[PDB]
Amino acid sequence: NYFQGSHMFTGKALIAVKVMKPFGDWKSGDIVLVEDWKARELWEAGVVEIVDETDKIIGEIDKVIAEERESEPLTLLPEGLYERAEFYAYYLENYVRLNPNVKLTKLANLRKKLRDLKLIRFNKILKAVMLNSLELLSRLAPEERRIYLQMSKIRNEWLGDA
């Protein structure tokens, strides 16, 4: 009956997909990079198959998480880290319902790792508000930028400090 949309991919991340059938100019068996949303749509209709980059993604977050817990400043996130993590989470998720278990454990890790990374950076944003600044924005994902801008506006109207 009712289709519960869930997380929505808008094309912020590029996903490596293996072509199964003659769609467009793509031959079969060849690997192409598509926008996350186009990756989930063509996957659902057996036109392509998802190149399992969960291996590279999990370890990618771990590296960034490691960097954050080392030197005070917030770090520049690899392009699309957040969005690309979301996709493999959707991949692992809907893989248990594949079309004719070591995975369903990784799904939990990626989720724990992504959650962890957003919190460490959030906590660092909170504290940064307590010391606006252009430089910092050039280091935050657009959604975190919004948060920092909002935090500071609330803070300055309350405290009025520097």
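Numbers for residues come from their place in the sequence shown, where the first is 1.
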query	finding
Gap size between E67 and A66, counted in deposited residues that the entry leaves unmodelled	none
Deposited-sequence gap flanked by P100 and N101	4 to 9
Between the two ranges 29-37 and 48-56, the one averaging a larger CA B factor in the entry	48-56
Modelled-residue ranking by C-alpha temperature factor, third containing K12	lowest
Entry-reported Cα temperature factor of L42, expressed as the chain third it lands in	middle
Third of chain Cα B-factors occupied by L126	middle
For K21, the third of its chain into which the C-alpha B factor falls	highest
Among modelled residues of the same chain, the CA temperature factor third for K106	highest
